[PDB]
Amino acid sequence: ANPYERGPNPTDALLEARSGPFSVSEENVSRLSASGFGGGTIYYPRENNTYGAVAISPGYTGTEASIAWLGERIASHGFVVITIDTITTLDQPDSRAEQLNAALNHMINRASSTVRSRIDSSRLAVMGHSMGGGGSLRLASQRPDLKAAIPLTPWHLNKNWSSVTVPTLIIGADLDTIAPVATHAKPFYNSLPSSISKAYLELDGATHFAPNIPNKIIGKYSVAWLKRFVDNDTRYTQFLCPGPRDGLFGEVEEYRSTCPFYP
């Protein structure tokens, strides 16, 4: 009955499948066309419909390529997704927040008609790796119209995110020596209010680079999160709640949440 539901009905593995069921196409954004960010690649479903849109930022150094696999596996589940380059690869979290904002406004207002015709302007999300994840917490903390935020192994100097009201899934890595869970991801999770939809999923046997030396767990729970909150798709609730032993214990360290998230 939901206006926003897309795609065949979910089984568990399949979210683990490398590829989702939507065929995907490409739009390349050069630096020349990108006002307030460094360019990027838009991945979008071939099948014509209206879909939520997502912007994804890299971290300190790296690239576009850092996060590509992720943006296009997400698009293959029925989303319009831009993976960006930043103005410089040394840009700090707060600027990456600005650049995420500019990247969303590019897809809705500046891209080809083929891209813009596929986006529902009202249903947006942000994700990012490392400093890019910090940038998404900042953007989330200033745009409570965003439908979801997914910080991946996030890094930020500010640990207090107690003004974020956007549904936020934080993904941490146990072996991360760069943005350690103890002093980044966990403090961020705890600071988020108790009364919003939030979750913390910690990978087991995972470095800082898993969101780029990766695979099936992030893809699965991120798509499930985006489906639930960007698409209002209650069919994905049961992947998230209880989140039982989840995409798997020893692939999964641990999993906190405020389930069930207003069924």
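Residue indices: 1-based, along the sequence shown.
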{"item": "Per the entry, higher mean C-alpha B factor between 213-221 and 52-60", "value": "213-221"}
{"item": "Mean temperature factor over C-alpha atoms, higher-scoring stretch between 224-232 and 27-35", "value": "27-35"}
{"item": "Selection from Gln142, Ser136, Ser130, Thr177 [criterion: highest C-alpha temperature factor in the record]", "value": "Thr177"}
{"item": "Selection by C-alpha B-factor (highest) of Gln99, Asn105, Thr88, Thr83", "value": "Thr88"}
{"item": "CA B-factor placement of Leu70, once the chain's modelled residues are sorted into thirds", "value": "lowest"}
{"item": "Position of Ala199 among the chain's modelled residues by C-alpha B-factor, lowest, middle or highest third", "value": "lowest"}
{"item": "Assigned third (lowest, middle, highest) for the C-alpha B factor of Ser162", "value": "middle"}
{"item": "B-factor third for the C-alpha atom of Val181 within its chain", "value": "highest"}
{"item": "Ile150 - which third its CA temperature factor falls in, relative to the rest of the chain", "value": "lowest"}
